[PDB]
Structures are given as C-alpha cells and as structure tokens.
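As structure tokens, one chain now follows by itself in the form deposited in one PDB entry.
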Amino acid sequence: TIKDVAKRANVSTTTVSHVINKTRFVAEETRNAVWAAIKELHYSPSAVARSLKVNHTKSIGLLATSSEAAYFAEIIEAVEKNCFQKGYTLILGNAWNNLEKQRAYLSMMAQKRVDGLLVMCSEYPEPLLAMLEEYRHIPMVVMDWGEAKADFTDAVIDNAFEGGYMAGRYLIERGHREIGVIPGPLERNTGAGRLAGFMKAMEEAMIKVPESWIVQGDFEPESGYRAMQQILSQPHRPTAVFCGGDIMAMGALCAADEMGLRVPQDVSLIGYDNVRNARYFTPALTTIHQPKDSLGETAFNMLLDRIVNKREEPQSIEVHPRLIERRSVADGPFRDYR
C-alpha cells in the first residue's frame, strides 16, 4: 500500500516514507503530490510493518489484577492519560491473581513485543516473582510493592505503613482508645502494610487490639459489610474503626446503618484510599488519601526513562499518603483528657 501510494504519486516509496515521517527534505511539489495520493488512496500507514523494522511498538502493557475496583480503576485511567500523551498505546490485561492467567498475558505481551511493562499484581508469590524475572529483558515497573522485592525492576513505593500509622494516630488523638480494624488481604502491601502502620501507633499508645476486633477484608464492600457486623455484633464493641480501604468502608457504613447504629455518633469510622467519591459516602468519609494519579504518572515515567534513556539500573520512588478529614469521625472518650 505504501507502494500504491508511491505510484499514484510517481515517486519512490522511499520518498513517500520520507514525507510521511518528515525524515529528510522533500520538495513542496513532491510533498504535496504524496499527500494527495495519501489521501485519495485513503492510506493508513502500517504500524505493524513499521515496528517490524524500527524495533519498538510504541505500546505499553498493563498487567493488572482487575479493573472494576475504584482504587485500581482510578490508577488505570491515570496511566492511560499518560500513554496517550506521550504517544503510547495501552494494552490492559487483568490476571485476577491467577498464576496461569498471569503466565499467559505475560507471554502474550512479550510476543506482541510491548516496549515496557507496568505491573500491578497485588500478590507476589515466589512463583510469580519467578516468571516476572524471565522477562527482565522487557523493561518494567512494579506499581504496588512496599519495599523493593527485586533487582530486575523499577518500583514506585506508597508508604502504606506511614498511612496506617497516620490513621491510628488520628483516632488516638480524637479520644479513642477502643479501636477495631478490618484490614485488607495480608498478602498485599496495602493489606499488611497499612495494618502494621496502624498497629505501631497502637503499641505506641499502649492500646491493645482484642483479636475479636480485627477482621480480615478483601477490599470488596461485601467484606466490609460482614466485618462491621461481626464487630458491632458483640457484647463489648469499640468506638472507632479503622477500615483498610474505602470501598469496604462503604460496606462497613451500610451495616452500621442496618443495625441502626449511627456514624459517627455511635461508631467512628476511618478509611483509606480516598477514592474519587468517598466524599459522597454518607457520611462524607474521613480517610487517608493515596496519590493515585501520581502513582500512575510516576510509574509511566520511570518506564519511559528506562525505555528511552535505556536504563539498566533499578530504581524506586516513594510517594506519600495523607489524611483527609471529612465527617465520619467524632471525638472519643479521652479527647479532653490529654
């Protein structure tokens, strides 16, 4: 088809290619004539052919977990903005935490020859770290670890522990001493790490968390629902709760209401993530905000770098969570006494 264009125009394909890519000077007349043809012939230059030669697809592949979850979804929309602006094409793939599913997309990706790879897998067992490393040659960044699990990749780090700590500290300073917590999955950073950040503040204050007050969640609203319930469904209940993710908080909130308990009036609740629409939770949710957009833009960037400036050394950038006060928390019993 470039051949076809060359001929309607009566110049060499070499010519046509030069004008289409402004890669060498071409007389106006010639240049026009080309476009002329380019047009009527209705030509779409082939990226496949092109990549075949120049050696890069100008496309990036996101090997994610899932994409419906608010959290994830916001991150993804961000990464996409960035590919778009720097000319990349996004290939989105959800592995749902399945090794097989993962071994597959990974390979499909390599085969399609993505210029780099963004990794958001949530949980990383040895088996997965292992496949990951077989692709060390394709440049890549992990957007969701706490520390840097490997040497063959870039890492953007969230400081999830200091998020955890901030959350607890707020409750503490608000008068609270009987706190419960519904962490998310311990096999995830945003799961374990937020918890532990919360747990230090507790020890620090000599607050002890009765095991019957800690109930695992899985980031989904339903998990929050059941965990709330189980908490408030007992003789002795805390006055405040730290919930590992906004969406689950949202479920925690529904149950409180269902049991006719008032928030924050009967139970205070603090979440985490600061999802796009936690302000419209009822009540407006007080939570820890995760820089979602910078987590994304920051990831795209270390990758480009590696890609463009051909970097070989691993790198890591920290990002920082911060408290957003809204209306789901009220002073606790000890406020006045400090």
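Only the largest set of C-alpha atoms that superpose within 1.5 Å between the two forms is called the rigid core. For every residue, the number given is its place in the sequence shown, counted from 1.
Omitted from view is the form deposited in another entry, to which the following refers.
Among the residues 234, 265, 98, 212, the single one whose Cα moves by at least 2 Å between the shown form and the other one, once the core is superposed, is 98. Core-superposed comparison between the shown form and the other one: the CA of residue 274 stays below a 2 Å shift. Core-superposed comparison between the shown form and the other one: the C-alpha position of residue 317 differs by no less than 2 Å. With a cut-off of 2 Å and the rigid core superposed, residue 285 has a Cα displacement that falls short of the cut-off between the shown form and the other one. Between the C-alpha atoms of residue 218 and residue 70, a gap narrowed by no less than 3 Å is obtained in the other form, as opposed to the form on display. In the other form, the separation between the C-alpha atoms of residue 123 and residue 153 shrinks by 3 Å or more relative to the displayed form.
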